[PDB]
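Sequence lines, in order, name chains L and B. Note that the first sequence covers residues 9 to 105, 125 to 215 in full-length UniProt numbering. Note that the second sequence covers residues 9 to 105, 125 to 215 in full-length UniProt numbering. The beta-carbon is built from N, C-alpha and C at its ideal position, and this holds for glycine as well. So the structure is just underneath, and the comments pick up after that.
Protein chains: 2
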Amino acid sequence: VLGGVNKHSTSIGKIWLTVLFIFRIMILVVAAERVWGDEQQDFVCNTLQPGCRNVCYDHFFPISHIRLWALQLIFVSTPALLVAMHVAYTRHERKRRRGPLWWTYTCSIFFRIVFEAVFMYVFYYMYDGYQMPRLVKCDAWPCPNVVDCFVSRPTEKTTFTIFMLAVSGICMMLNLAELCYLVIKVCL
Amino acid sequence: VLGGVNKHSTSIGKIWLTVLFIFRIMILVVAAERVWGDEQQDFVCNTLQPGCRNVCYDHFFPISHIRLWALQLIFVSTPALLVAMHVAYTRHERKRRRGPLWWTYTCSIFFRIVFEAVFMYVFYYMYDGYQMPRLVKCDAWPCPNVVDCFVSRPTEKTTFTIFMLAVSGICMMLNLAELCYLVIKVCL
C-alpha cells in the first residue's frame, strides 16, 4: 500500500492498482497450501515401473502454477519498491543540502507492463491454455510404451487459473491507461 | 504297439512308425506338467489394471502348445485303433460262419497324413513359427494403451517345439513313403 504512492500518481495508480494487487495476493494465499499442496503426492499413474511417477509429473508440470504466480508478483512489485527508495534518497539529499521523479515513475510503469506480459506469454507457451486436463499420457523413459496418469483436483485448479489470468489482464490494461494519461498530458 | 500291426504292413509301419509314436509320447510326458505348468501363473505384466493379465494371456496363447500336441496324438492314433477293431470283427465273423483289409489299411494311412498336415498348418497359422518370444505387447481391453507382458521359460519351450515339429515332419514323410510302396506294388 505504502509502496504505491507517488506525487505523479493519478487515481488509477493510487486506488485501483493497489486494490487489485492486494486482491491477487489474497487469492494466492488461500489457494496455495491447500489446492496445490498434494500436486505430486496425489499424482496417480497406472503402472508398476519405479520412477515413472517422478518423470511423468516433472514432464507435464515443469513449474508449478502457484510458483509462477509467486514469481510474477515479486517481479511486478519490484519497480514500485525501487521508486520508493529513490524518493527517500532524493528527499534525504534535498533536505541535507516533472524532473527526475517524473522519469522514474514513468519508467516503472513501463517495466510493470513488460513483466506482466512476459509471464502470461510464458504461461501460454508452457501450458497452452487455462484448462487443466484430467488425464495425461506420458512416454518418457523409463515408462514403458504410454502410461496413463491422473491429475489431482483439475477442476479447482482450472477455476483459480482463470481468476489469476483475468486479474493480470485487467492490471495490464490499467497500467497501459495510466501510461497514456501521463504521456498525452505532458505532450498536450 | 499292438494297435500298429496288420498283415499288409511293411517294415516301415511295423518298426519305424511305432518307435516314433512312442518317441513323441515319451517327450510329451516329461515336458508337459513341468515346462508348461506355470504358463499363466508366471505370466507377468507391467500394469496395475485388474484383469489385464487374463485377457493378454488368452490373446497370445488361445490354445496351449501341449494341448495342441495332445490333440494331434489322439487324432493320428484313431485310424490305427479303427483298423484293429475292424480286424477283430472280421476275424470273429470269419470263424463264426488284398480284399477288404487292404482298403481299410490304405485308407487309415491317408487319414494319418491328413491329420498330421492339418495340425502342423494350424500351428503356423496360430503361432507363425517355432520361436516363442520373451516379450509380448498387448492392447486388448481393459489394458490401457499397450502393456508389456513377459513369458515364462521361452527358451525351453522353443526347444521342445522344434523337437515335436521335426518328429511330426518325419512321421508324415514315413507315412507318405509307405503309401507309395503299397500303391506301386499293386499297380505294377
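In the structure shown, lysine 164 of chain L falls within a strand segment according to DSSP collapsed to helix, strand and coil.
Taking C-beta separations shorter than 7 Å and ignoring five residues to either side along the sequence, the partners of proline 171 of chain L in its chain run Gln57, following chain order. About 11 Å separates the CB atoms of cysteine 60 of chain B and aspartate 175 of chain B; that is not less than 8 Å, and the two are not in contact. DSSP places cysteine 170 of chain L in the coil class of the three-state scheme, outside both helix and strand. In this structure the stretch 139–150 of chain B lies against the stretch 76–87 of chain B, because at least three pairs of beta carbons, one per stretch, are closer than 8 Å. A direct Cα-Cα distance of roughly 12 Å separates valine 27 of chain B from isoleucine 35 of chain B. When Cβ-Cβ separations below 8 Å define contact, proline 58 of chain L makes no contact with chain B. According to DSSP, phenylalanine 138 of chain L shares a beta bridge with no other residue.
By alpha-carbon distance to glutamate 143 of chain B, the top candidate from B:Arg75, B:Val84, B:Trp130 and B:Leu215 is B:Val84.
Take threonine 55 of chain B, set aside five residues on each side of it, and the residues of its chain with a beta-carbon closer than 7 Å to its own are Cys170 and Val174, in chain order. For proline 171 of chain L, at least one C-beta of chain B is nearer than 8 Å to its own C-beta.
Counting C-beta pairs closer than 8 Å gives fewer than three between the stretch 179–188 of chain B and the stretch 182–200 of chain L, which falls short of the contact rule.
Of all residues in the UniProt domain "Connexin N-terminal" (42–75) of chain B, only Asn54, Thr55, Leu56 and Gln57 place a beta-carbon less than 8 Å from a beta-carbon of chain L. Setting aside the 5 residues that flank it on each side, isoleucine 20 of chain L is surrounded in the same chain by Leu201, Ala204, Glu205 and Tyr208, each with a C-beta closer than 8 Å to its C-beta; the list follows chain order.
Nearest CB-CB separation between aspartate 155 of chain B and chain L: not below the 8 Å threshold. Taking every protein chain shown into account, the CB of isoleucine 23 of chain L has fewer than 16 other CB atoms within 10 angstroms, so this residue is exposed. Taking 8 Å as the cut-off, the beta carbon of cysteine 64 of chain B is found closer than this to the beta carbon of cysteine 165 of chain B.
The beta carbons of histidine 67 of chain L and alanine 167 of chain L sit closer together than 8 Å. The closest CA to that of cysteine 198 of chain L, considering only L:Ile136, L:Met153 and L:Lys212, is found on L:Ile136.
Between the alpha carbons of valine 43 of chain L and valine 43 of chain B lies a distance of about 54 Å. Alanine 96 of chain B is classed as exposed because its beta carbon has fewer than 16 other beta carbons within 10 Å across all chains shown.
Distance from the Cα of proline 87 of chain L is smallest, within the candidate group L:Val37, L:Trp130, L:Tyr157 and L:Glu47, for L:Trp130. For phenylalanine 31 of chain B, the enclosing alpha helix (DSSP H) starts and ends at 25–40. The secondary-structure analysis by DSSP pairs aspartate 46 of chain L with nothing; it has no beta-bridge partner.
In the three-state DSSP reduction, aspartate 175 of chain B falls in the strand class (E or B). Here the C-alpha atom of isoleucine 74 of chain B lies approximately 11 Å from the C-alpha atom of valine 38 of chain B. When secondary structure is reduced to three states using DSSP, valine 52 of chain L falls in the strand class. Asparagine 14 of chain B counts as buried, since no fewer than 16 other beta carbons sit within 10 angstroms of its beta carbon. DSSP places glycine 59 of chain L in the coil class of the three-state scheme, outside both helix and strand. If you look at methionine 200 of chain L, you'll find it in the alpha helix (DSSP H) that goes 181–214. A check of alpha carbon separations from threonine 18 of chain L across L:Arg99, L:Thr133, L:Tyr157 and L:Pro70 identifies L:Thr133 as the nearest. The closest CA to that of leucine 76 of chain B, considering only B:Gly196, B:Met191 and B:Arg125, is found on B:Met191. DSSP, reduced to helix, strand and coil, places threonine 98 of chain B within a helical segment of the structure shown.
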